[PDB]
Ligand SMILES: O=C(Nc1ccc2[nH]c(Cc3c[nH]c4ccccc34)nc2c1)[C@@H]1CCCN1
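Heads up, the chain below is alone and in the form solved without this ligand; it's given as structure tokens.
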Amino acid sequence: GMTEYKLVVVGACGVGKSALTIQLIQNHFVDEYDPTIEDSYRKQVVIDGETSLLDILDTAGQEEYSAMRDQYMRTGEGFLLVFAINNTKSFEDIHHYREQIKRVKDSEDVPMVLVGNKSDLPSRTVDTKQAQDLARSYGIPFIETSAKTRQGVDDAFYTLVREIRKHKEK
């Protein structure tokens, strides 16, 4: 079959994981998406001339560490680490999401992209430089997005695919 990429969107409640996912899948902004709905969406795309199937898991529900979740998360090939630029705690939480990915993958080299969402909002509390420095320390890209306007959304997911390709070449 055609190439597939298993992508996982992670980050604290309310950062815009679901809004980002629906923007990628359906090309419009959803104001309300139930925080208890965790689901995956597949979409056929062409990136750098390669046709692939993106299988995107939008994580949700509760903070719990079920066996299903670990196994589930283990199958992820790349991860979007999403915070919101107006929520400092969500940015501080990124360390947790990175470590948990590192724990379940048993690897220091997992495709990830740091995503600073809600870039449309004026009430910024997390400096772009701060995010850039963190991303550089992790050795990963940083992309600013707005699920509201769709700024950076394709770039975020497509950049993650490119990171997966880089990983697969090694």
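One rule holds for the numbers: they count along the sequence shown, beginning at 1.
This protein has a second form, the form solved in complex with this ligand, left out of what is shown; the following refers to that one.
S.K.: Whether residue 140 contacts this ligand in the deposited bound form should be assessed with a 4.5 Å heavy atom distance threshold; does it?
M.R.: Contact check for residue 140: no, nothing within 4.5 Å of this ligand in the deposited bound form.
S.K.: Any chance residue 63 has a heavy atom within 4.5 Å of this ligand in the deposited bound form?
M.R.: Residue 63: contacts this ligand in the deposited bound form.
S.K.: Wondering, does residue 48 line up within 4.5 Å of this ligand in the deposited bound form on heavy atoms?
M.R.: Close contact is absent here: in the deposited bound form, residue 48 is far from this ligand, nothing within 4.5 Å, heavy atoms only.
S.K.: Just to confirm, residue 131 within 4.5 Å of this ligand in the deposited bound form by heavy atoms?
M.R.: Close contact is absent here: in the deposited bound form, residue 131 is far from this ligand, nothing within 4.5 Å, heavy atoms only.
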